[PDB]
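Peer 1: Sharing input_31.csv (CSV, N, CA and C atoms) below.
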chain,number,residue,atom,x,y,z
R,988,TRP,N,9.3,-12.9,8.1
R,988,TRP,CA,8.5,-13.2,9.3
R,988,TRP,C,7.6,-12.1,9.6
R,989,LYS,N,8.1,-10.9,9.7
R,989,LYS,CA,7.3,-9.7,10.0
R,989,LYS,C,8.0,-8.4,9.6
R,990,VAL,N,7.5,-7.8,8.6
R,990,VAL,CA,8.2,-6.5,8.1
R,990,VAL,C,7.2,-5.6,7.4
R,991,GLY,N,7.4,-4.4,7.2
R,991,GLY,CA,6.5,-3.5,6.6
R,991,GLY,C,7.1,-2.1,6.4
R,992,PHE,N,6.3,-1.1,6.2
R,992,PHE,CA,6.8,0.3,6.0
R,992,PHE,C,5.6,1.3,6.2
R,993,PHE,N,5.9,2.4,6.8
R,993,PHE,CA,4.9,3.5,7.1
R,993,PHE,C,4.9,4.5,6.0
R,994,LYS,N,3.8,5.1,5.7
R,994,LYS,CA,3.8,6.2,4.6
R,994,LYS,C,3.3,7.5,5.2
R,995,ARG,N,3.3,8.6,4.4
R,995,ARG,CA,2.9,9.9,5.0
R,995,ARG,C,2.1,10.7,3.8
R,996,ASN,N,0.9,10.5,3.7
R,996,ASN,CA,0.1,11.2,2.6
R,996,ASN,C,0.3,12.7,2.8
R,997,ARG,N,0.1,13.5,1.8
R,997,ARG,CA,0.3,14.9,1.9
R,997,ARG,C,-0.1,15.6,0.6
R,998,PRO,N,-0.6,16.8,0.7
R,998,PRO,CA,-1.0,17.6,-0.6
R,998,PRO,C,0.3,18.1,-1.4
R,999,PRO,N,0.1,18.4,-2.6
R,999,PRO,CA,1.2,18.9,-3.5
R,999,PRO,C,1.7,20.4,-3.1
R,1000,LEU,N,1.0,21.4,-3.6
R,1000,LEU,CA,1.3,22.8,-3.2
R,1000,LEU,C,0.5,23.2,-2.1
R,1001,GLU,N,0.7,24.4,-1.6
R,1001,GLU,CA,-0.1,24.9,-0.4
R,1001,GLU,C,-1.4,25.5,-0.9
R,1002,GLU,N,-1.9,26.5,-0.3
R,1002,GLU,CA,-3.2,27.1,-0.7
R,1002,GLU,C,-3.5,28.4,0.0
R,1003,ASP,N,-4.0,29.4,-0.7
R,1003,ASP,CA,-4.3,30.7,0.0
R,1003,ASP,C,-5.4,30.5,0.9
R,1004,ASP,N,-5.2,30.9,2.2
R,1004,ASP,CA,-6.3,30.7,3.2
R,1004,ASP,C,-7.6,31.5,2.7
R,1005,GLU,N,-8.6,31.6,3.5
R,1005,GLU,CA,-9.8,32.2,3.0
R,1005,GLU,C,-9.6,33.7,2.8
R,1006,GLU,N,-10.3,34.4,2.0
R,1006,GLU,CA,-10.1,35.8,1.8
R,1006,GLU,C,-10.5,36.6,3.0
R,1007,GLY,N,-10.0,36.2,4.2
R,1007,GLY,CA,-10.3,36.9,5.4
R,1007,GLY,C,-9.9,38.4,5.3
R,1008,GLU,N,-8.8,38.7,4.6
R,1008,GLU,CA,-8.4,40.1,4.5
R,1008,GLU,C,-9.4,40.8,3.5
V,2236,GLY,N,-10.5,9.3,8.8
V,2236,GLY,CA,-10.4,7.8,8.5
V,2236,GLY,C,-9.7,7.5,7.2
V,2237,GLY,N,-10.1,8.1,6.1
V,2237,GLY,CA,-9.5,7.8,4.8
V,2237,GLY,C,-9.9,6.4,4.4
V,2238,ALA,N,-9.7,5.4,5.2
V,2238,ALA,CA,-10.0,4.0,4.8
V,2238,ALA,C,-11.5,4.0,4.4
V,2239,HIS,N,-12.2,5.1,4.5
V,2239,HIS,CA,-13.7,5.2,4.1
V,2239,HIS,C,-13.8,5.7,2.7
V,2240,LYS,N,-12.7,6.0,2.0
V,2240,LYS,CA,-12.8,6.5,0.6
V,2240,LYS,C,-11.6,6.1,-0.2
V,2241,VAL,N,-10.9,5.0,0.2
V,2241,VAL,CA,-9.7,4.6,-0.5
V,2241,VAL,C,-10.0,3.9,-1.8
V,2242,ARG,N,-9.3,4.0,-2.8
V,2242,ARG,CA,-9.5,3.3,-4.1
V,2242,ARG,C,-8.1,2.7,-4.4
V,2243,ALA,N,-8.0,1.4,-4.5
V,2243,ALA,CA,-6.6,0.8,-4.7
V,2243,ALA,C,-6.6,-0.1,-5.9
V,2244,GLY,N,-5.5,-0.4,-6.4
V,2244,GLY,CA,-5.3,-1.4,-7.5
V,2244,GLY,C,-4.6,-2.6,-7.0
V,2245,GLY,N,-4.1,-3.5,-7.8
V,2245,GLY,CA,-3.4,-4.7,-7.2
V,2245,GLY,C,-3.2,-5.8,-8.2
V,2246,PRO,N,-2.4,-5.5,-9.2
V,2246,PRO,CA,-2.1,-6.5,-10.3
V,2246,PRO,C,-1.4,-7.7,-9.6
V,2247,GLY,N,-0.7,-7.5,-8.5
V,2247,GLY,CA,0.0,-8.6,-7.8
V,2247,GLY,C,-0.4,-8.6,-6.3
V,2248,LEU,N,-1.6,-8.1,-6.0
V,2248,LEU,CA,-2.1,-8.1,-4.6
V,2248,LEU,C,-3.2,-9.1,-4.4
V,2249,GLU,N,-3.6,-9.7,-5.5
V,2249,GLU,CA,-4.7,-10.8,-5.5
V,2249,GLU,C,-4.1,-12.1,-5.9
V,2250,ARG,N,-2.9,-12.0,-6.5
V,2250,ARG,CA,-2.2,-13.3,-7.0
V,2250,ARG,C,-0.8,-13.0,-7.5
V,2251,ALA,N,0.2,-13.7,-7.1
V,2251,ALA,CA,1.6,-13.4,-7.5
V,2251,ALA,C,2.2,-14.8,-7.9
V,2252,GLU,N,3.4,-14.7,-8.5
V,2252,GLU,CA,4.1,-16.0,-8.9
V,2252,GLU,C,5.6,-15.8,-8.6
V,2253,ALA,N,6.1,-16.6,-7.7
V,2253,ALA,CA,7.6,-16.5,-7.3
V,2253,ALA,C,8.4,-16.0,-8.5
V,2254,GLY,N,9.5,-15.3,-8.3
V,2254,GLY,CA,10.3,-14.8,-9.4
V,2254,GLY,C,9.7,-13.7,-10.2
V,2255,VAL,N,8.5,-13.3,-9.8
V,2255,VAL,CA,7.7,-12.2,-10.6
V,2255,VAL,C,7.4,-11.1,-9.6
V,2256,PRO,N,7.6,-9.8,-10.0
V,2256,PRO,CA,7.3,-8.7,-9.1
V,2256,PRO,C,5.8,-8.5,-8.9
V,2257,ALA,N,5.4,-8.0,-7.8
V,2257,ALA,CA,3.9,-7.8,-7.6
V,2257,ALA,C,3.8,-6.4,-7.0
V,2258,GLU,N,2.7,-5.7,-7.2
V,2258,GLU,CA,2.5,-4.3,-6.6
V,2258,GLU,C,1.1,-3.9,-6.5
V,2259,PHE,N,0.8,-2.8,-6.0
V,2259,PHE,CA,-0.5,-2.3,-5.9
V,2259,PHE,C,-0.5,-0.8,-5.7
V,2260,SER,N,-1.6,-0.1,-5.5
V,2260,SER,CA,-1.6,1.4,-5.4
V,2260,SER,C,-2.8,1.7,-4.4
V,2261,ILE,N,-2.6,2.8,-3.7
V,2261,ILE,CA,-3.7,3.2,-2.7
V,2261,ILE,C,-4.2,4.6,-3.1
V,2262,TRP,N,-4.7,4.8,-4.2
V,2262,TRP,CA,-5.2,6.1,-4.7
V,2262,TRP,C,-6.2,6.7,-3.6
V,2263,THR,N,-5.8,7.8,-3.0
V,2263,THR,CA,-6.7,8.4,-2.0
V,2263,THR,C,-6.5,9.9,-1.8
V,2264,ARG,N,-6.3,10.5,-2.9
V,2264,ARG,CA,-6.0,12.0,-2.9
V,2264,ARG,C,-7.1,12.7,-2.0
V,2265,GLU,N,-8.2,12.1,-1.9
V,2265,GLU,CA,-9.3,12.7,-1.0
V,2265,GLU,C,-8.8,12.7,0.4
V,2266,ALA,N,-8.5,11.5,0.9
V,2266,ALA,CA,-8.0,11.5,2.4
V,2266,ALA,C,-6.9,12.5,2.6
V,2267,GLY,N,-6.3,13.0,1.5
V,2267,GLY,CA,-5.2,13.9,1.7
V,2267,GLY,C,-4.2,13.5,2.7
V,2268,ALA,N,-3.7,14.4,3.5
V,2268,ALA,CA,-2.7,14.0,4.5
V,2268,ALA,C,-3.2,12.8,5.3
V,2269,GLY,N,-2.3,12.0,5.8
V,2269,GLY,CA,-2.7,10.8,6.5
V,2269,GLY,C,-1.8,9.6,6.1
V,2270,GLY,N,-0.8,9.3,6.8
V,2270,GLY,CA,0.1,8.1,6.3
V,2270,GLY,C,-0.8,6.9,6.4
V,2271,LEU,N,-0.2,5.8,6.0
V,2271,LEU,CA,-1.0,4.5,6.0
V,2271,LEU,C,-0.1,3.3,6.4
V,2272,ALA,N,-0.6,2.4,7.2
V,2272,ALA,CA,0.2,1.2,7.6
V,2272,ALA,C,0.0,0.1,6.7
V,2273,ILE,N,1.1,-0.6,6.3
V,2273,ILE,CA,1.1,-1.7,5.4
V,2273,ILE,C,2.2,-2.7,5.8
V,2274,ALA,N,1.8,-4.0,5.9
V,2274,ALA,CA,2.9,-5.0,6.3
V,2274,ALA,C,2.5,-6.3,5.8
V,2275,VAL,N,3.4,-7.3,5.8
V,2275,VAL,CA,3.0,-8.7,5.3
V,2275,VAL,C,3.6,-9.7,6.4
V,2276,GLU,N,3.0,-10.8,6.5
V,2276,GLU,CA,3.5,-11.9,7.4
V,2276,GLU,C,3.4,-13.2,6.8
V,2277,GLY,N,4.4,-14.1,7.1
V,2277,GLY,CA,4.4,-15.5,6.5
V,2277,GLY,C,5.8,-16.0,6.5
V,2278,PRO,N,5.9,-17.3,6.4
V,2278,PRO,CA,7.3,-18.0,6.3
V,2278,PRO,C,8.0,-17.7,5.0
V,2279,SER,N,8.5,-16.5,4.8
V,2279,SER,CA,9.2,-16.2,3.6
V,2279,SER,C,9.8,-14.8,3.7
V,2280,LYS,N,10.2,-14.2,2.6
V,2280,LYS,CA,10.8,-12.9,2.6
V,2280,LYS,C,10.7,-12.2,1.2
V,2281,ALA,N,10.7,-10.9,1.1
V,2281,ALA,CA,10.5,-10.2,-0.2
V,2281,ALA,C,11.2,-8.9,-0.1
V,2282,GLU,N,11.4,-8.3,-1.3
V,2282,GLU,CA,12.1,-6.9,-1.3
V,2282,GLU,C,11.0,-5.8,-1.5
V,2283,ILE,N,10.7,-5.1,-0.5
V,2283,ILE,CA,9.7,-4.0,-0.6
V,2283,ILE,C,10.3,-2.7,-1.0
V,2284,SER,N,9.6,-1.9,-1.8
V,2284,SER,CA,10.1,-0.6,-2.3
V,2284,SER,C,9.0,0.4,-2.4
V,2285,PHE,N,8.8,1.2,-1.5
V,2285,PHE,CA,7.6,2.2,-1.6
V,2285,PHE,C,8.1,3.6,-2.0
V,2286,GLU,N,7.3,4.5,-2.3
V,2286,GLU,CA,7.7,5.8,-2.7
V,2286,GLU,C,6.5,6.8,-2.4
V,2287,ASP,N,6.7,7.7,-1.5
V,2287,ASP,CA,5.6,8.7,-1.2
V,2287,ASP,C,5.2,9.4,-2.5
V,2288,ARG,N,4.1,10.0,-2.6
V,2288,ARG,CA,3.6,10.7,-3.8
V,2288,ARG,C,2.5,11.7,-3.4
V,2289,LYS,N,2.8,13.0,-3.7
V,2289,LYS,CA,1.8,14.0,-3.4
V,2289,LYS,C,0.4,13.6,-3.8
V,2290,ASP,N,0.3,12.5,-4.6
V,2290,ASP,CA,-1.1,12.0,-5.0
V,2290,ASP,C,-1.7,11.2,-3.9
V,2291,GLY,N,-1.0,11.0,-2.8
V,2291,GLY,CA,-1.5,10.2,-1.7
V,2291,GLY,C,-1.5,8.7,-2.0
V,2292,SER,N,-1.3,8.4,-3.3
V,2292,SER,CA,-1.3,7.0,-3.7
V,2292,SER,C,0.0,6.4,-3.3
V,2293,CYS,N,-0.1,5.3,-2.5
V,2293,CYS,CA,1.2,4.6,-2.1
V,2293,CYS,C,1.6,3.6,-3.1
V,2294,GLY,N,2.6,3.9,-3.9
V,2294,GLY,CA,3.1,2.9,-4.9
V,2294,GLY,C,4.1,2.0,-4.3
V,2295,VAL,N,3.9,0.7,-4.2
V,2295,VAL,CA,4.8,-0.3,-3.6
V,2295,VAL,C,4.9,-1.5,-4.5
V,2296,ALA,N,6.1,-2.1,-4.6
V,2296,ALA,CA,6.2,-3.4,-5.4
V,2296,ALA,C,7.2,-4.3,-4.7
V,2297,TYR,N,7.0,-5.6,-4.9
V,2297,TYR,CA,8.0,-6.6,-4.3
V,2297,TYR,C,8.0,-7.9,-5.1
V,2298,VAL,N,9.1,-8.6,-4.9
V,2298,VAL,CA,9.2,-9.9,-5.7
V,2298,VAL,C,9.5,-11.0,-4.6
V,2299,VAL,N,8.5,-11.9,-4.5
V,2299,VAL,CA,8.7,-13.0,-3.5
V,2299,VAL,C,9.4,-14.2,-4.1
V,2300,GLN,N,9.6,-15.2,-3.4
V,2300,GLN,CA,10.3,-16.4,-4.0
V,2300,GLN,C,9.7,-17.7,-3.5
V,2301,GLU,N,9.2,-17.7,-2.3
V,2301,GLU,CA,8.7,-19.0,-1.7
V,2301,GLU,C,7.1,-19.0,-1.8
V,2302,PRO,N,6.6,-19.8,-2.6
V,2302,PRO,CA,5.1,-19.9,-2.8
V,2302,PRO,C,4.3,-19.9,-1.5
V,2303,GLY,N,3.1,-19.5,-1.5
V,2303,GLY,CA,2.3,-19.4,-0.3
V,2303,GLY,C,1.6,-18.0,-0.2
V,2304,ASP,N,0.4,-18.0,0.4
V,2304,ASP,CA,-0.3,-16.7,0.5
V,2304,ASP,C,0.3,-15.8,1.5
V,2305,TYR,N,0.2,-14.5,1.2
V,2305,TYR,CA,0.9,-13.5,2.2
V,2305,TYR,C,-0.2,-12.6,2.8
V,2306,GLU,N,-0.4,-12.6,4.1
V,2306,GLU,CA,-1.5,-11.8,4.7
V,2306,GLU,C,-1.1,-10.3,4.6
V,2307,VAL,N,-1.6,-9.6,3.7
V,2307,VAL,CA,-1.3,-8.1,3.6
V,2307,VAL,C,-2.3,-7.3,4.3
V,2308,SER,N,-1.9,-6.8,5.5
V,2308,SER,CA,-2.8,-5.9,6.3
V,2308,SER,C,-2.7,-4.5,5.8
V,2309,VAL,N,-3.8,-4.0,5.2
V,2309,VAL,CA,-3.8,-2.6,4.7
V,2309,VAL,C,-4.8,-1.7,5.5
V,2310,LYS,N,-4.3,-0.9,6.3
V,2310,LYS,CA,-5.2,0.0,7.2
V,2310,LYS,C,-4.8,1.5,7.1
V,2311,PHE,N,-5.8,2.3,7.0
V,2311,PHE,CA,-5.5,3.8,6.9
V,2311,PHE,C,-5.6,4.4,8.3
V,2312,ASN,N,-4.7,5.2,8.7
V,2312,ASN,CA,-4.7,5.8,10.1
V,2312,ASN,C,-5.1,4.7,11.1
V,2313,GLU,N,-4.6,3.5,10.9
V,2313,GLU,CA,-5.0,2.3,11.8
V,2313,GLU,C,-6.5,2.0,11.7
V,2314,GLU,N,-7.1,2.0,10.6
V,2314,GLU,CA,-8.5,1.6,10.5
V,2314,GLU,C,-8.7,0.4,9.6
V,2315,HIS,N,-9.2,0.5,8.4
V,2315,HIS,CA,-9.3,-0.7,7.6
V,2315,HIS,C,-9.9,-0.3,6.2
V,2316,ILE,N,-9.0,-0.1,5.2
V,2316,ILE,CA,-9.5,0.3,3.9
V,2316,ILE,C,-10.2,-0.9,3.2
V,2317,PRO,N,-11.1,-0.7,2.3
V,2317,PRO,CA,-11.9,-1.8,1.6
V,2317,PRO,C,-11.1,-3.1,1.5
V,2318,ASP,N,-11.5,-4.1,2.2
V,2318,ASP,CA,-10.8,-5.4,2.2
V,2318,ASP,C,-9.4,-5.3,2.7
V,2319,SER,N,-9.2,-4.7,3.8
V,2319,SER,CA,-7.8,-4.5,4.4
V,2319,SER,C,-7.0,-5.8,4.2
V,2320,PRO,N,-7.3,-6.8,4.8
V,2320,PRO,CA,-6.6,-8.1,4.7
V,2320,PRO,C,-6.7,-8.7,3.3
V,2321,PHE,N,-5.6,-8.6,2.5
V,2321,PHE,CA,-5.6,-9.1,1.1
V,2321,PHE,C,-4.6,-10.2,0.9
V,2322,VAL,N,-5.0,-11.5,1.0
V,2322,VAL,CA,-4.0,-12.6,0.8
V,2322,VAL,C,-3.7,-12.7,-0.7
V,2323,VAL,N,-2.4,-13.1,-1.0
V,2323,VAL,CA,-2.0,-13.2,-2.4
V,2323,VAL,C,-1.4,-14.6,-2.7
V,2324,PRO,N,-2.2,-15.5,-3.2
V,2324,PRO,CA,-1.7,-16.9,-3.5
V,2324,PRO,C,-0.5,-16.9,-4.4
V,2325,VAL,N,0.7,-17.1,-3.9
V,2325,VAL,CA,1.9,-17.1,-4.7
V,2325,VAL,C,2.2,-18.5,-5.4
V,2326,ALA,N,2.7,-18.4,-6.6
V,2326,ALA,CA,3.0,-19.7,-7.3
V,2326,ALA,C,4.5,-19.8,-7.6
V,2327,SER,N,5.0,-21.0,-7.8
V,2327,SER,CA,6.4,-21.1,-8.2
V,2327,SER,C,6.8,-20.2,-9.4
V,2328,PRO,N,8.0,-20.1,-9.7
V,2328,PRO,CA,8.5,-19.2,-10.8
V,2328,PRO,C,8.5,-20.0,-12.2
V,2329,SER,N,9.7,-20.4,-12.6
V,2329,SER,CA,9.8,-21.2,-13.9
V,2329,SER,C,10.6,-22.4,-13.6
V,2330,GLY,N,11.5,-22.4,-12.6
V,2330,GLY,CA,12.3,-23.6,-12.2
V,2330,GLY,C,11.4,-24.9,-12.3
Take the structure in this file and express it as structure tokens.
Peer 2:
Amino acid sequence: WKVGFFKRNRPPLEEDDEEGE
Amino acid sequence: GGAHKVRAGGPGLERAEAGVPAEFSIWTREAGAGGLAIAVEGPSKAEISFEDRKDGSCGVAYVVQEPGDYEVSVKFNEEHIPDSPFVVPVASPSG
């Protein structure tokens, strides 16, 4: 009658921020 | 939005046959983070099995049993990816 499922996209590994330092 | 750059497959999202599994994929590594809403409605029932994937692609499959089209509403962040509403004309199995 009415059923489904929610997902959650997301990246694999992290990432070094900008070379602000 | 994401729904503005989604690329999906659908071996069993454009046509299925009772007693046969059907599935699709929502390749969207571009939209990156951003869950997606997916549901079906109609006088019948099916076994849904999804699995998150760092690829953002939502791999889901199911096996229906009662012939009839299934209104599959596919929307990203509650929007509308290419042809969000995808009906699947189901056909009897082998009986």
Peer 1: Could you pull the residues within 7 Å of segment 997-1007 of chain R, counting all atoms listed in the file, minus those fewer than 2 positions along the same chain, as a CSV table (one decimal) with N, CA and C atoms, keeping the file's coordinate frame?
Peer 2:
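File around19.csv, as written:
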chain,number,residue,atom,x,y,z
R,995,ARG,N,3.3,8.6,4.4
R,995,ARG,CA,2.9,9.9,5.0
R,995,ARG,C,2.1,10.7,3.8
V,2267,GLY,N,-6.3,13.0,1.5
V,2267,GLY,CA,-5.2,13.9,1.7
V,2267,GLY,C,-4.2,13.5,2.7
V,2268,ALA,N,-3.7,14.4,3.5
V,2268,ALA,CA,-2.7,14.0,4.5
V,2268,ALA,C,-3.2,12.8,5.3
V,2269,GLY,N,-2.3,12.0,5.8
V,2269,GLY,CA,-2.7,10.8,6.5
V,2269,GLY,C,-1.8,9.6,6.1
V,2270,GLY,N,-0.8,9.3,6.8
V,2270,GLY,CA,0.1,8.1,6.3
V,2270,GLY,C,-0.8,6.9,6.4
V,2288,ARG,N,4.1,10.0,-2.6
V,2288,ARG,CA,3.6,10.7,-3.8
V,2288,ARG,C,2.5,11.7,-3.4
V,2289,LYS,N,2.8,13.0,-3.7
V,2289,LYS,CA,1.8,14.0,-3.4
V,2289,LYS,C,0.4,13.6,-3.8
V,2290,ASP,N,0.3,12.5,-4.6
V,2290,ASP,CA,-1.1,12.0,-5.0
V,2290,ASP,C,-1.7,11.2,-3.9
V,2291,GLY,N,-1.0,11.0,-2.8
V,2291,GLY,CA,-1.5,10.2,-1.7
V,2291,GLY,C,-1.5,8.7,-2.0
Peer 1: Do you have, as a tab-separated table, the list of residues of chain V lying at most 8 Å from chain R, each with its nearest atom pair and that distance in Å to one decimal, counting only N, CA and C atoms and ordered by chain then number?
Peer 2:
residue	atom	partner	partner_atom	distance
V:2264	CA	R:997	C	7.7
V:2266	C	R:997	N	7.1
V:2267	C	R:997	N	4.4
V:2268	CA	R:996	C	3.7
V:2269	C	R:996	N	3.7
V:2270	CA	R:994	C	3.4
V:2271	N	R:994	C	4.0
V:2272	CA	R:993	CA	5.3
V:2273	C	R:992	N	4.4
V:2274	CA	R:991	CA	3.9
V:2275	N	R:990	C	4.5
V:2276	CA	R:988	C	4.7
V:2277	N	R:988	C	4.5
V:2278	N	R:988	CA	5.7
V:2279	C	R:988	N	4.8
V:2280	CA	R:988	N	5.7
V:2281	N	R:988	N	7.4
V:2283	CA	R:991	C	7.7
V:2285	N	R:992	CA	7.8
V:2286	C	R:994	CA	7.5
V:2287	CA	R:995	N	6.1
V:2288	C	R:997	N	6.0
V:2289	CA	R:997	C	4.7
V:2290	N	R:997	C	6.1
V:2291	CA	R:996	CA	4.7
V:2292	N	R:996	CA	6.7
V:2293	CA	R:994	CA	7.4
Peer 1: What does the structure give for the distance between atom C of residue 2251 of chain V and atom C of residue 2325 of chain V, in Å to one decimal?
Peer 2: 4.5 Å
Peer 1: Grab the atom CA of residue 2328 of chain V to atom CA of residue 2247 of chain V distance for me, in Å with one decimal place.
Peer 2: 13.9 Å
Peer 1: Taking the chain letters and numbering used in this document, name the residues of chain V that DSSP puts in strand (DSSP E), as an NGL selection string.
Peer 2: :V and (2242-2244 or 2251-2252 or 2256-2262 or 2271-2276 or 2284-2286 or 2294-2298 or 2306-2311 or 2325-2326)
Peer 1: In Å to one decimal, how far is atom N of residue 2238 of chain V from atom N of residue 2323 of chain V?
Peer 2: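 If I compute the distance from atom N of residue 2323 of chain V to atom N of residue 2238 of chain V, I get 20.8 Å.
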Peer 1: Within 9 Å of (-4.5, -8.3, -4.6), in the coordinates the file gives, what residues turn up when you count only C-alpha atoms, written out as a list in words?
Peer 2: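 Those within range, by chain then number, are residues 2244, 2245, 2246, 2247, 2248, 2249, 2250, 2251, 2257, 2258, 2259, 2307, 2321, 2322 and 2323 of chain V.
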Peer 1: Do you know which residues are at most 9 Å from residue 2256 of chain V counting only C-alpha atoms, after dropping those on the same chain fewer than 2 positions away, and could you put them as a list in words?
Peer 2: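 Listing them by chain and then by number gives residues 2247, 2251, 2252, 2253, 2254, 2258, 2296, 2297, 2298 and 2299 of chain V.
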Peer 1: With N, CA and C atoms kept, could you save the residues just selected as a PDB file, in the coordinates of the input?
Peer 2:
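Writing the result to again-v7.pdb gives the following:
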ATOM      1  N   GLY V2247      -0.700  -7.500  -8.500  1.00  0.00           N
ATOM      2  CA  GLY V2247       0.000  -8.600  -7.800  1.00  0.00           C
ATOM      3  C   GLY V2247      -0.400  -8.600  -6.300  1.00  0.00           C
ATOM      4  N   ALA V2251       0.200 -13.700  -7.100  1.00  0.00           N
ATOM      5  CA  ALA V2251       1.600 -13.400  -7.500  1.00  0.00           C
ATOM      6  C   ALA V2251       2.200 -14.800  -7.900  1.00  0.00           C
ATOM      7  N   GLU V2252       3.400 -14.700  -8.500  1.00  0.00           N
ATOM      8  CA  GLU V2252       4.100 -16.000  -8.900  1.00  0.00           C
ATOM      9  C   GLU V2252       5.600 -15.800  -8.600  1.00  0.00           C
ATOM     10  N   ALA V2253       6.100 -16.600  -7.700  1.00  0.00           N
ATOM     11  CA  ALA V2253       7.600 -16.500  -7.300  1.00  0.00           C
ATOM     12  C   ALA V2253       8.400 -16.000  -8.500  1.00  0.00           C
ATOM     13  N   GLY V2254       9.500 -15.300  -8.300  1.00  0.00           N
ATOM     14  CA  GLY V2254      10.300 -14.800  -9.400  1.00  0.00           C
ATOM     15  C   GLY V2254       9.700 -13.700 -10.200  1.00  0.00           C
ATOM     16  N   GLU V2258       2.700  -5.700  -7.200  1.00  0.00           N
ATOM     17  CA  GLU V2258       2.500  -4.300  -6.600  1.00  0.00           C
ATOM     18  C   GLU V2258       1.100  -3.900  -6.500  1.00  0.00           C
ATOM     19  N   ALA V2296       6.100  -2.100  -4.600  1.00  0.00           N
ATOM     20  CA  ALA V2296       6.200  -3.400  -5.400  1.00  0.00           C
ATOM     21  C   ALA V2296       7.200  -4.300  -4.700  1.00  0.00           C
ATOM     22  N   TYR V2297       7.000  -5.600  -4.900  1.00  0.00           N
ATOM     23  CA  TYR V2297       8.000  -6.600  -4.300  1.00  0.00           C
ATOM     24  C   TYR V2297       8.000  -7.900  -5.100  1.00  0.00           C
ATOM     25  N   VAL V2298       9.100  -8.600  -4.900  1.00  0.00           N
ATOM     26  CA  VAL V2298       9.200  -9.900  -5.700  1.00  0.00           C
ATOM     27  C   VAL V2298       9.500 -11.000  -4.600  1.00  0.00           C
ATOM     28  N   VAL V2299       8.500 -11.900  -4.500  1.00  0.00           N
ATOM     29  CA  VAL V2299       8.700 -13.000  -3.500  1.00  0.00           C
ATOM     30  C   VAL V2299       9.400 -14.200  -4.100  1.00  0.00           C
TER      31      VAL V2299
END
Peer 1: Take segment 993-1004 of chain R, model N, CA, C and O atoms, and hand the result over as a short mmCIF file (atom, residue, chain, number, x, y, z; two decimals), in the frame of the given file.
Peer 2:
data_model
loop_
_atom_site.label_atom_id
_atom_site.label_comp_id
_atom_site.auth_asym_id
_atom_site.auth_seq_id
_atom_site.Cartn_x
_atom_site.Cartn_y
_atom_site.Cartn_z
N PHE R 993 5.90 2.40 6.80
CA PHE R 993 4.90 3.50 7.10
C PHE R 993 4.90 4.50 6.00
O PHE R 993 6.00 4.85 5.47
N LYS R 994 3.80 5.10 5.70
CA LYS R 994 3.80 6.20 4.60
C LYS R 994 3.30 7.50 5.20
O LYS R 994 3.06 7.60 6.40
N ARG R 995 3.30 8.60 4.40
CA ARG R 995 2.90 9.90 5.00
C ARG R 995 2.10 10.70 3.80
O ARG R 995 2.74 11.46 3.15
N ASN R 996 0.90 10.50 3.70
CA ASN R 996 0.10 11.20 2.60
C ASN R 996 0.30 12.70 2.80
O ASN R 996 0.55 13.15 3.92
N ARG R 997 0.10 13.50 1.80
CA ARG R 997 0.30 14.90 1.90
C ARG R 997 -0.10 15.60 0.60
O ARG R 997 0.10 15.06 -0.45
N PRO R 998 -0.60 16.80 0.70
CA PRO R 998 -1.00 17.60 -0.60
C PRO R 998 0.30 18.10 -1.40
O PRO R 998 1.36 18.20 -0.80
N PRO R 999 0.10 18.40 -2.60
CA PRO R 999 1.20 18.90 -3.50
C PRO R 999 1.70 20.40 -3.10
O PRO R 999 2.58 20.55 -2.30
N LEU R 1000 1.00 21.40 -3.60
CA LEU R 1000 1.30 22.80 -3.20
C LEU R 1000 0.50 23.20 -2.10
O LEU R 1000 -0.38 22.52 -1.59
N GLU R 1001 0.70 24.40 -1.60
CA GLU R 1001 -0.10 24.90 -0.40
C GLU R 1001 -1.40 25.50 -0.90
O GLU R 1001 -2.00 24.95 -1.87
N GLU R 1002 -1.90 26.50 -0.30
CA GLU R 1002 -3.20 27.10 -0.70
C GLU R 1002 -3.50 28.40 0.00
O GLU R 1002 -3.25 28.50 1.17
N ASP R 1003 -4.00 29.40 -0.70
CA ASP R 1003 -4.30 30.70 0.00
C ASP R 1003 -5.40 30.50 0.90
O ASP R 1003 -6.51 30.07 0.57
N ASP R 1004 -5.20 30.90 2.20
CA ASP R 1004 -6.30 30.70 3.20
C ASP R 1004 -7.60 31.50 2.70
O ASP R 1004 -7.62 31.93 1.54
#
